[PDB]
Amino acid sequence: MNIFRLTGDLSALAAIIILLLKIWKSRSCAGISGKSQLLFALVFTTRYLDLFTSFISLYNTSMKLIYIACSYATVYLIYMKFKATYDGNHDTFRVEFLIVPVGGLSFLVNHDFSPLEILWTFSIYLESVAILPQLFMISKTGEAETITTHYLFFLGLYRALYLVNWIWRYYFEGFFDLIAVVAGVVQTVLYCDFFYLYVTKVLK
């Protein structure tokens, strides 16, 4: 099936645009983890590296470009434009303890030992744990003034449609990617803790 992967990707893009648009119009990035956004920018950079090499479609190059431009712009707004509202004192997760184990795991556990496959496995593993700095920040302060309800919905719709995609392709096509699925389950459980913390701590 390709209806679920398409609407899932579009729902992920919607979340990125919503967060980016929220920061610009409120002139604040209060409650946002710049470390998580940096990791997500690193996911898209490593996954879509063949931007600047193979051309397949105008939707293909632009979608790769849209994700990159939006993630980098969010990073630019948090650490440069609106750095005064960046709660650096609360975003303290040491991301080297994510990237280094993720890098080592990608060289150890993958489907094929090749540069393009290792790079893809890196971006799959990293994305599954990229939200961790955001979780520890909300768990720390109980606030996420910039996180909107609709932002979390599109993040959740992205995970639900991908879950459906795994099930449809397995039952109807016999396809299953154990690495992508296992990493995808870790990511979805982590997003659910994101949603559980937001409801219990921020939504007081």
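A residue's number is simply how far along the shown sequence it sits, counting from 1.
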Higher-scoring stretch by recorded Cα B factor average, 62 to 70 or 163 to 171: 62 to 70
Mean temperature factor over C-alpha atoms, higher-scoring stretch between 38 to 46 and 140 to 148: 140 to 148
Residue with highest C-alpha B-factor in the PDB entry, from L105, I118, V129, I99: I99
For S123, the third of its chain into which the C-alpha B factor falls: lowest
Third of the chain, ranked by Cα B-factor, where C29 sits: highest
CA B-factor placement of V109, once the chain's modelled residues are sorted into thirds: middle
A12, C-alpha B-factor rank within chain (lowest, middle or highest third): middle
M80 by Cα B-factor - lowest, middle or highest third of the modelled chain: highest
